[PDB]
């Protein structure tokens, strides 16, 4: 499946590179016509990055699910960007992972995507 993502400091980018899945960094002009999964990072107090919020205003029809990168140091806000997008558009939380992810997270993410398709 196609993976749309956003990365500010490189972590999300490094995770998508372990994926072997077609994937594209979101920008403001981007329209996505096929089913896709979103991978986002998480910004202060468990929030969704603005660029992601914009990109979903125009692209949620094909959104089939969402993962979040974060840091468990944030407690009950770890990865909370996935919760907010999941609730807002009624799509499954695929997974949450820290930073660039571990191999478990990568393998976990792929299994979840089959399962979800």
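Positions refer to the first chain, counted from 1.
Which of 80 to 88 and 64 to 72 has higher mean CA B factor, as the PDB entry lists it: If you average the C-alpha B-factors of 64 to 72 and of 80 to 88, the larger mean comes out for 80 to 88.
Stretch with the higher entry mean CA B-factor, where the candidates are 42 to 50 and 25 to 33: Comparing averages over the C-alpha atoms only gives 25 to 33.
Chain third (lowest, middle, highest) by recorded CA B-factor, residue given as residue 11: CA B-factor rank for residue 11: lowest third.
Within-chain third of residue 93 by Cα B-factor, per the entry: CA B-factor rank for residue 93: middle third.
Residue 4, C-alpha B-factor rank within chain (lowest, middle or highest third): Tercile = lowest for this residue's CA B-factor.
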